[PDB]
RNA sequence: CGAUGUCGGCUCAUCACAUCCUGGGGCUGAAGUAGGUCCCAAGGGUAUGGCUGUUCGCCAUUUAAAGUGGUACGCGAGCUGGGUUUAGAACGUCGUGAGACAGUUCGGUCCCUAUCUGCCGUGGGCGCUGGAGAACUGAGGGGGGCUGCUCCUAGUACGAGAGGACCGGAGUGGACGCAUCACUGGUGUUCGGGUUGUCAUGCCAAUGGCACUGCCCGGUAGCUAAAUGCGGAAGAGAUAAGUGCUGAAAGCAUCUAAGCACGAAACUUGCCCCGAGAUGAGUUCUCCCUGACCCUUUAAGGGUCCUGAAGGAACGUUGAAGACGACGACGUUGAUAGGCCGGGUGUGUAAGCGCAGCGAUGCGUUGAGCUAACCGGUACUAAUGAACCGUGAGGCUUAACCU
RNA sequence: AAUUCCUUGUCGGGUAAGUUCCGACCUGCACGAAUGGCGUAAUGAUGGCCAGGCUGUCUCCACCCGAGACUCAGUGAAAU
RNA sequence: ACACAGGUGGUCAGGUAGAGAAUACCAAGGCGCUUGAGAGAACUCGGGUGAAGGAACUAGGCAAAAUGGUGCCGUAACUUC
RNA sequence: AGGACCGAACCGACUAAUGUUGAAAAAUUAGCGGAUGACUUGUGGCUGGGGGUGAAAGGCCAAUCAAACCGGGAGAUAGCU
Ligand SMILES: N[C@@H](Cc1c[nH]c2ccccc12)C(=O)O
Ligand SMILES: [Mg+2]
Ligand SMILES: [Mg+2]
Ligand SMILES: [Mg+2]
Ligand SMILES: [Mg+2]
Ligand SMILES: [Mg+2]
Ligand SMILES: [Mg+2]
Ligand SMILES: [Mg+2]
Ligand SMILES: [Mg+2]
Ligand SMILES: [Mg+2]
Ligand SMILES: [Mg+2]
Ligand SMILES: [Mg+2]
Ligand SMILES: [Mg+2]
Ligand SMILES: [Mg+2]
Ligand SMILES: [Mg+2]
Ligand SMILES: [Mg+2]
Ligand SMILES: [Mg+2]
Ligand SMILES: [Mg+2]
Ligand SMILES: [Mg+2]
Ligand SMILES: [Mg+2]
Ligand SMILES: [Mg+2]
Ligand SMILES: [Mg+2]
Ligand SMILES: [Mg+2]
Ligand SMILES: [Mg+2]
Ligand SMILES: [Mg+2]
Ligand SMILES: [Mg+2]
Ligand SMILES: [Mg+2]
Ligand SMILES: [Mg+2]
Ligand SMILES: [Mg+2]
Ligand SMILES: [Mg+2]
Ligand SMILES: [Mg+2]
Ligand SMILES: [Mg+2]
Ligand SMILES: [Mg+2]
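Residue numbers (the authors' numbering), protein chains in the order written: chain 7, 9 to 24; chain K, 1 to 122; chain N, 1 to 120; chain 0, 1 to 56; chain D, 1 to 209; chain P, 1 to 114.
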């Protein structure tokens, strides 16, 4: 499946 | 060892009763005052009559510290509590006129003579 | 950081250690030989040899102490009657540690410890 | 933290330059029984420094 | 001038008439016997080489022994040089006592610091300790950042980091000499010198005022 | 500590009487008052004692003019001169630190009388 | 755009100099105290708090000072997650509405075991031209470089007054640093004692387990700071801005073109530490090896028997040395560790027996009993007789001494 | 003001010092009466502010007891 | 997906203290959890104690620390009583 | 008497640290809420995909949800990589 950090929004969204 | 914040009792009239150290004067970053050093002070308690009133900002002389004092030979004097004598902001020099509780020999200063002249001990 | 400290830890806590060297002192004073790891063996000395010494003088008290440690009346008994007098004249060093070395299951470094006059 | 390139077969070997073992040499003989043994250790039979301790 | 080799027996007060406690390290200073003199001829420099203790015969090697052999032997603990400066000494185990410091007021003293073995920052370098609390995740005594970003793109040399601490040379300097006592081989210098009890010490008159 | 010890006991007072935690000793200490070198008396309860040869000290607790003061004398110091016991305390307890939490009538200690 | 994590704080930094303080100067509308401004200077130092997410800023109070900038507006494979920024919700606002806002409002998961470079430590290998044990030389590198106040000079110089010096002394501080446990103390689950609940040792009495070390009072060594010693320097060289001497080019003037003197926390040193892988592998002292013999393509050639040193390593007992390696002490001709003897220190009058008492309990024997890592001693135990590694006189050339 | 941009508005209070808080003013950028207005005892793992106690949260970190980290033996992964 | 610190309804229920099926120590009974042995570093995890100070920390007292039982005495604004 | 009070079982999931190639695809430890009620629980039943159910979050409908899963149209179409 996918690692938790990839699914998680705060770490992943990082630069909008 | 007195340091910013820290309540002190007062060993004179003037009428302070409870007082808080808001600065250890005498040097950049100086951590502690003790022995017979000078500190800036904000009155927290104050009797109703009294020379001083609550909220005043003055200086004062550490006269008893619980960590006490050493001097030569290796002995120690410790006092159960922390007390000071209020000084007028310009002239140092007690604003009070009577001293209470014992004071120590270290205080044998030109400016602090009036304290040991008063004061019933050491 | 250990400078001048004394007393091994054997990866236990004070409690466990205390009870173990108790069971072991027994196991030694009883059988007069035991097989055990060299570290455990060496420490055993600082438990046992004092007991034997203590026994060299018989009194009610000295027994009752030898019972607060060890806690086995059979061994406070073997001391005092047997080991006490049996060494009454010996300066110290009632034991000796002989090393066989390297237990199979865990490669632990091994050794025998016996009462020094075992003879039997 | 992970490699960016496969370490080589060479590099592997290098790292193992120190992983090699030492023999013994200090193997020594009992004065009574014949017996090879580790120095300062009981022999197979239970001899050590000539004397026979341990029946086993 | 030169100085001597001693042994820290260490640390006790001596009281004075007018009532003051002078903490002193007690340095035992057995006579130092010059094992060799050195000269601009046998290249280099002017220095003397002493030994002081006593050593087990079965511990003294052939060479060490042969070296002691030239001049009055009785092999000591070790050897130490002191550089010279218009003072002179002949090698026949000249033997130098604590006599030397009768008139000295100074003295510098050098030991081998107690061995802390590790420390890491905080102990080693007085680094500050991160929030003990307040959300800190596994970073309470850690060193924190150790560089900038791409542009140094490296850690600079000599960065303060965790590692071996103590068990190294260190000397102290100044140190008033309190008492000199020949035929007792004692030297009381005022307070605290590096290294542990029993360890070897080198004392020399202070280089600073 | 064999070469010490020697250096030490050759400084120790010998006249020191025996006291005991609980006793109400009076220590008379030298003091260069200002111009005069006089004696000054400190009288209080012995609340803790040393017992380390030359380095022997003890702590005396006074309760002066309101709240306490404690003095640790190094017993073998010149500045002490005189020390006499003045009352015998019944405590069974080596350190009387608990007295600090007491006050007056609550802090009295029985005579030892034996 | 098959991901280049972002404000602020925290921790740690590092450079620049357009220098905040300290240092040296010129000018001053520089009397003095004290300012202003420009020049030189980057060695070191360069605030705690209130409010706010802040940076900032305002305010309080300090200080010699609270410098301006670069470093992915340094620093999230170091921390935080308050701000902006996920799905919830509401206000105001816009919109018929879904919804929306650099409007506001309350609530939400920041992973990565370090291969490489770097960096802090610490070993192994080989080299350094016979081997070996020490002691060195010091190319080179790193560390350190802060400053207040009081007293004397002197109420003198200066100034109508008020006020108040340079220069030079002497003490004593702040922050920082190194070291150390003698003092003062912290810790002290390995010492002693008190005490609650309960279980057990047959029972009384005395003891042990478990309850956070059950709770707690003390506390030995060690480790330690708040504890107590010490440090920044003096001096020397060459300079910066600057001031000069002498002095022509240019009869004069001129610090400069020749020549000479001053001159600062910057520079080179002095102080402390590392340091011969300094392959440019250095110096000094000491110790050790003085057998035979064969083969070929005959040369820094290979080998056989004898030999096995100085020393090293291994092993053992080990250390105020230590992650492991390493480093130090010792191995019976022995105090290396444990034990043991005596002492100390801690605790604070054991158990047993007696006395008083109805009893709880008190007293006597008794400052008893017990007492770790301490001290001084002591071969009782354990450190074996040996084995192992390491060799057997150490290249060529030239020169200088001698043969 | 869960609504105020200008805004840390202004005045009063608390603090040595208060962009928050409590009380007011009204100039309501852009409250308002069942997409309810204004109050309200009690209740709340609700939001903001204050004080006593308390303290290793901090000044500033020290020591200790345990589990890892380190060494030996056995087994033996991972992303890239 | 595992000899997985998780989830799984009903039944029985001793002693000492205790209000108690809380809690602590036990009985009957059942277990020591399928790597161990040494070391006594940094750091990390979980605990204990701390001179003087006492919120100065920080977005915020986050976390820790403190309070803690029974009987009696006694208890303010306000209140829908 | 009580959607009454304190508090275990039982039901919950407010804070923190740990864990994040876990012991665990959502738990552990210390604290926390409810605990005679709109409580909680075993067994069995009914509701079906633009449909269910929803004290309402776009929640849940088998570790899947702004339209479940399985097979089919099927080699959908892809001016894009
Ligand atoms: N257990 C995860 C949280 C988590 C689980 N599944 C996730 C999926 C997406 C984001 C986070 C998660 C953690 O370490 O926090
Ligand atoms: Mg010892
Ligand atoms: Mg226990
Ligand atoms: Mg986490
Ligand atoms: Mg932590
Ligand atoms: Mg680059
Ligand atoms: Mg990436
Ligand atoms: Mg400039
Ligand atoms: Mg940035
Ligand atoms: Mg937020
Ligand atoms: Mg005048
Ligand atoms: Mg005049
Ligand atoms: Mg009984
Ligand atoms: Mg409001
Ligand atoms: Mg509407
Ligand atoms: Mg509710
Ligand atoms: Mg392994
Ligand atoms: Mg299993
Ligand atoms: Mg299972
Ligand atoms: Mg239970
Ligand atoms: Mg297991
Ligand atoms: Mg293990
Ligand atoms: Mg404290
Ligand atoms: Mg506040
Ligand atoms: Mg702050
Ligand atoms: Mg604050
Ligand atoms: Mg809390
Ligand atoms: Mg708690
Ligand atoms: Mg209810
Ligand atoms: Mg309830
Ligand atoms: Mg689902
Ligand atoms: Mg297709
Ligand atoms: Mg088709």
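The C-beta atom is built at its ideal place from N, Cα and C for all residues, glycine as well.
Coarse secondary structure for residue 72 (chain K), derived from DSSP in three states: Looking up residue 72 (chain K) in the second chain gives position 72. DSSP places residue 72 (chain K) in helix when its eight states are reduced to three.
Residue 53 (chain N), DSSP secondary structure in three states: For this step, residue 53 (chain N) is matched to residue 53 along the third chain. In the structure shown, residue 53 (chain N) sits in a helix (DSSP, three-state: H, G or I).
Residue 67 (chain D) - DSSP class collapsed to helix/strand/coil: In the fifth chain, residue 67 (chain D) corresponds to position 67, counting from 1. If DSSP states are grouped into helix, strand and coil, residue 67 (chain D) belongs with the helices.
Beta carbon of residue 112 (chain D) nearer than 8 Å to that of residue 32 (chain D): As a first step, residue 112 (chain D) must be located in the fifth chain, where it is residue number 112. As a first step, residue 32 (chain D) must be located in the fifth chain, where it is residue number 32. The answer is no: Cβ separation not under 8 Å.
Min CB distance residue 22 (chain K) to chain P below 8 Å: Here residue 22 (chain K) corresponds to residue number 22 of the second chain, with the count starting at 1. It does not: the Cβ of residue 22 (chain K) has no partner Cβ on chain P nearer than 8 Å.
Contacts that residue 14 (chain D) makes with chain P (C-beta to C-beta distance below 8 Å): Mapped onto the fifth chain, residue 14 (chain D) falls at position 14. Here the neighbours are 7 and 11.
Where residue 20 (chain D) meets chain K, residues with beta-carbon distance less than 8 Å: Within the fifth chain, residue 20 (chain D) is the residue found at index 20, counting from 1. Those are 72 and 73, listed as they occur along chain K.
Residues of the stretch 68-86 of chain P with Cβ closer than 8 Å to any Cβ of chain K, in chain order: 68, 69, 70, 71, 72, 73, 74, 77, 78 and 79
Identity of the residues DSSP links to residue 115 (chain N) by a beta bridge: Residue 115 (chain N) sits at position 115 when you count from the first residue of the third chain. Beta-bridge pairing links residue 115 (chain N) to 95 (chain N).
Chain-ordered residues of the stretch 102-121 of chain D with a beta carbon less than 9 Å from chain P: none
Contact under 8 Å by Cβ, residue 19 (chain D) with residue 102 (chain K): Translated into the one-based positions of the fifth chain, residue 19 (chain D) becomes position 19. Translated into the one-based positions of the second chain, residue 102 (chain K) becomes position 102. In this structure, residue 102 (chain K) does not lie closer than 8 Å to residue 19 (chain D) by Cβ.
Among 18 (chain 0), 33 (chain 0) and 38 (chain 0), nearest to residue 25 (chain 0) - alpha-carbon criterion: Position 25 of the fourth chain, counting from 1, holds the residue named residue 25 (chain 0). Of the candidates 18 (chain 0), 33 (chain 0) and 38 (chain 0), the one whose C-alpha sits nearest the C-alpha of residue 25 (chain 0) is 38 (chain 0).
The stretch 74-83 of chain N in contact with the stretch 52-59 of chain N per 3-pair CB rule at 8 Å: yes
Contact list for the stretch 22-55 of chain D against chain P, Cβ threshold 7 Å: 26 and 28
Beta carbon of residue 98 (chain K) nearer than 8 Å to that of residue 81 (chain K): Along the second chain, one-based indexing puts residue 98 (chain K) at 98. Along the second chain, one-based indexing puts residue 81 (chain K) at 81. Not in contact: residue 98 (chain K) and residue 81 (chain K) (Cβ atoms no closer than 8 Å).
Coil, strand or helix - residue 32 (chain K) by DSSP: For the purposes of this step, residue 32 (chain K) is taken as the residue at position 32 of the second chain. DSSP places residue 32 (chain K) in coil when its eight states are reduced to three.
Selected residue, minimal CA-CA separation from residue 119 (chain K), among 88 (chain K), 84 (chain K) and 26 (chain K): Sequence index remark: in the second chain, residue 119 (chain K) carries index 119 (1-based). Per the Cα distances, 84 (chain K).
Interface residues of chain D facing residue 47 (chain P) [CB-CB closer than 9 Å]: Here residue 47 (chain P) refers to the residue found at position 47 when the sixth chain is read from its first residue. Here the premise fails: no neighbours, minimum Cβ distance about 22 Å.
Heavy atom of ligand 3 within 7 Å of residue 10 (chain 7) beta-carbon: Position 2 of the first chain, counted from the start, is the residue given in the question as residue 10 (chain 7). No, the beta carbon of residue 10 (chain 7) sits no closer than 7 Å to any heavy atom of ligand 3.
Proximal residues to residue 70 (chain P) (C-beta, below 6 Å), its chain only, five neighbours per side dropped: For this step, residue 70 (chain P) is matched to residue 70 along the sixth chain. These residues qualify, in order along the chain: 59 and 61.
The alpha helix (DSSP H) enclosing residue 113 (chain K), as first and last residue numbers: For the purposes of this step, residue 113 (chain K) is taken as the residue at position 113 of the second chain. First-last of the alpha helix (DSSP H) with residue 113 (chain K): 113-117.
C-alpha gap between residue 46 (chain K) and residue 193 (chain D), whole angstroms: Indexing the second chain from 1 puts residue 46 (chain K) at position 46. Indexing the fifth chain from 1 puts residue 193 (chain D) at position 193. If you take the alpha carbons of residue 46 (chain K) and residue 193 (chain D), they lie about 51 Å apart.
Simplified DSSP state of residue 21 (chain 7), which is helix, strand or coil: Here residue 21 (chain 7) refers to the residue found at position 13 of the first chain. Residue 21 (chain 7) falls in the helix class under three-state DSSP.
Residue 21 (chain 7) Cβ short of 7 Å to ligand 1 heavy atom set: The residue given as residue 21 (chain 7) occupies position 13 in the first chain. No, the Cβ of residue 21 (chain 7) stays beyond 7 Å of every heavy atom of ligand 1.
is_contact[residue 39 (chain K), chain P] using C-beta, thresh 8 Å: In the second chain, residue 39 (chain K) corresponds to position 39, counting from 1. So no, residue 39 (chain K) is outside the interface.
Alpha-carbon spacing of residue 70 (chain D) relative to residue 82 (chain D), whole angstroms: Residue numbering aside, residue 70 (chain D) sits at position 70 when the fifth chain is read from its first letter. Residue numbering aside, residue 82 (chain D) sits at position 82 when the fifth chain is read from its first letter. Answer to the nearest angstrom: the Cα atoms are 19 Å apart.
Minimum Cβ-Cβ distance from residue 95 (chain K) to chain P less than 8 Å: Mapped onto the second chain, residue 95 (chain K) falls at position 95. Taking Cβ atoms only, chain P never reaches closer than 8 Å to residue 95 (chain K), which makes this a no.
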